[PDB]
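Notes to accompany the following structure.
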Amino acid sequence: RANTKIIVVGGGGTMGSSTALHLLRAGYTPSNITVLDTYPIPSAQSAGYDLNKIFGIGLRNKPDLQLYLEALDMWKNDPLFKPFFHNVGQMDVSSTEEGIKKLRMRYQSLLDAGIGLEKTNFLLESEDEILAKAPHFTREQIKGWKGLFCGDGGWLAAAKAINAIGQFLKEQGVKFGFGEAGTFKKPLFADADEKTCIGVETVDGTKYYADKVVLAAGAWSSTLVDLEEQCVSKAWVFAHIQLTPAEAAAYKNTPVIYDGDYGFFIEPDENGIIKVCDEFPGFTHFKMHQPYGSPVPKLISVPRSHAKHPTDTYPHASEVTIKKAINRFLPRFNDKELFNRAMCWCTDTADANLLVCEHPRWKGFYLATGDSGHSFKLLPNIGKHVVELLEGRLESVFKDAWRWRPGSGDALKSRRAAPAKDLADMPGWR
Ligand SMILES: *Cc1cc2c(cc1C)nc1c(=O)[nH]c(=O)nc-1n2C[C@H](O)[C@H](O)[C@H](O)COP(=O)(O)OP(=O)(O)OC[C@H]1O[C@@H](n2cnc3c(N)ncnc32)[C@H](O)[C@@H]1O
């Protein structure tokens, strides 16, 4: 480990920073690790560059249970990550027939895991029970609502946690490249047959050589190399509203509130800011782009970066749905002004499992992407398994789920309600 050189492409991001962290913990020599990201860690265009994220339980795919438990343990006990986890719990709510059904079935799925999750997860069938966990609601507001309360979760101070990894990496003497000298252009090969990767070249022409390369470029991964449409990148949206300390006080330590027909909000941070998201299948930004491995040009959804273009917001349609979420959850704040309107990018696989594997042809080159919009929670632990993969030690439960799988389904729809619409058809964000 001490004599192996690793390049982590996108190391200023969620899966990338986690990987560089666990390389250091595993005893890799800091000077042998090179983080290449367009932006310095925490990357300003990273999906994890956010006031907060939700930490919650999900049992959709096979490794999800173990990954979640693994992450929880670390969010609660790892001194590096512990300050950034706010265990206020989460309550999912609904008042529709289909919505309440989904809540009940979800609850039952937790039980069917058979590990005792009913001890920290509760079905709330009455108004009183809902108001008890979320005193800021009014009784009239929640008429007909049912709730599912998960006591294990809460929210995460996202950018702060990635910055915490970054501080450590830099203290340790990890090598960095940012800007054009940090922006992956193509991999380097020993022979023209392309079967042995020996490094990467960035868009400025700078070459970096290493034993192994990890591609953790999030929503950009599919643009940089050909993933054969395994990964379709999509934008989700959020707005902010600012509360006074007096307005914020009713929401202190209140659970994350979610409703699948509206979206979610998180309690005001130390500055009185509430972030609100809607729920929708996402937006693509289609372009032709020549990834490598294609390397002919190919239509791929390419992120329109808010970091490189701060004057971008979100479509008009998103303004509507975000305001509906605010009316649903926070009607007393309907006249609050929305601001820091922005788009946040992820990349979906067909089955919403990760794409974490060695490239089929380019040995030495490893993919660590396919976050599918639900992987910030895995910040503390995902790097441990990326390292296991590098070392040939990744267990089958993860390896099989994360394997190279082109043609395994339509990633444009993925596991969501619909194929994503494209930003070219949604006016207002420019
Ligand atoms: C968008 C979004 C996502 C999200 C969320 C809400 C929104 C609005 N809420 C979540 C939640 O409540 N709970 C949760 O678990 N996840 C939530 N998410 C998803 C989460 O943000 C993403 O799953 C995760 O952050 C993605 O990580 P990933 O590592 O995959 O992506 P990234 O963090 O963006 O990192 C990518 C890095 O790559 C760098 N980059 C890009 N191009 C290059 C090149 N060419 N060379 C080098 N680096 C490159 C980017 O800069 C970035 O740093």
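Residue numbers start at 1 and run along the sequence shown. Whatever order the structure lists ligands and atoms in, that order sets their numbers, starting from 1.
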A216 neighbourhood, listing ligand 1 atoms whose heavy-atom distance to it stays under 4.0 Å
36 (C), 37 (C), 38 (O)
Which heavy-atom pair separates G154 from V256 by the least distance, and what is that distance?
O-CG2, 3.6 Å
Hey, is ligand 1 close enough to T14 that some N/O pair sits below 3.5 Å?
yes
Sub-3.5 Å N/O-N/O distance, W236 and ligand 1
no
Establish, yes or no, whether a centroid distance under 6.0 Å links the rings of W75 and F81.
yes
If I apply the N/O under 3.5 Å rule, does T183 come out as touching ligand 1?
no
Kindly confirm or rule out an N or O of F184 lying under 3.5 angstrom from an N or O of ligand 1.
yes
Would you say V237 and ligand 1 have an N/O pair spaced under 3.5 Å apart?
no
When you look for heavy atoms under 4.0 Å from ligand 1, do you find them on the side chain of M15, its backbone, both, or neither?
both
Near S46, which atoms of ligand 1 are under 4.0 Å from a heavy atom of that residue?
32 (P), 33 (O), 34 (O), 53 (O)
Quick note on ligand 1: atoms under 4.0 Å from a heavy atom of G10 include exactly 37 (C), 38 (O), 39 (C), 47 (C), 48 (N)
Heteroatom distance test (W220, ligand 1): nitrogen or oxygen, under 3.5 angstrom:
no
Evaluate the criterion side-chain contact (heavy atoms from CB on, under 4.5 Å) for residue pair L124 and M91; output intermediate values, then yes/no.
CA-CA 9 Å; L124 313 183; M91 180 191 303; 3.6 Å; yes
A side-chain contact here means heavy atoms from C-beta on lying under 4.5 Å apart; do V200 and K207 qualify?
no
So, do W145 and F137 have ring centers that fall under 6.0 Å from each other?
yes
Plane angle bin for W362 and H359 - parallel if under 30°, tilted between 30 and 60°, otherwise perpendicular
parallel
Winner among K53, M343, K308, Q45 once heavy atoms are compared against atom 21 (O) of ligand 1:
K53
Restricting to heavy atoms, the pick from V35, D37, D50 nearest atom 50 (C) of ligand 1 would be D37
Step by step, work out the side-chain contact (heavy atoms from CB on, under 4.5 Å) result for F283 and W345.
CA-CA 9 Å; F283 293 136; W345 295 90; 5.7 Å; no
Below a 4.0 angstrom heavy-atom separation, can you tell me which part of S372, side chain or backbone, both or neither, approaches ligand 1?
neither
Can you classify the ring geometry of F85 versus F55 as parallel (below 30°), tilted (30 to 60°) or perpendicular (above 60°)?
perpendicular
Looking only at N/O atoms, are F376 and ligand 1 under 3.5 Å apart anywhere?
yes
How far is atom 17 (C) of ligand 1 from its nearest protein heavy atom, and which residue and atom is that?
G373 O, 3.6 Å
Which protein non-hydrogen atom lies closest to atom 13 (N) of ligand 1, naming both residue and atom, and how far is it?
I54 O, 2.9 Å
Can the positive tip of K186 be found less than 6.0 Å from the middle of the six-membered ring of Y292, inside 45° of the ring normal?
no
Residue, atom and distance of the protein heavy atom nearest atom 8 (C) of ligand 1 read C344 SG, 3.4 Å
All heavy atoms of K76 vs all of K82, minimum pair found to be O-CG, 3.4 Å
Give the minimum heavy-atom separation between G370 and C231, together with the two atoms involved.
CA-SG, 4.1 Å
Under a 4.0 angstrom heavy-atom cut-off, which atoms of ligand 1 come close to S43?
50 (C), 51 (O), 52 (C), 53 (O)
Is the shortest N/O to N/O distance between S375 and ligand 1 below 3.5 Å?
yes
Would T369 count as a contact of ligand 1 if the rule is a heavy atom under 4.0 Å away?
no
N/O separation below 3.5 Å, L224 to ligand 1
no
Do you know which two heavy atoms are closest between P303 and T223, and how far apart they sit?
CD-CG2, 4.2 Å
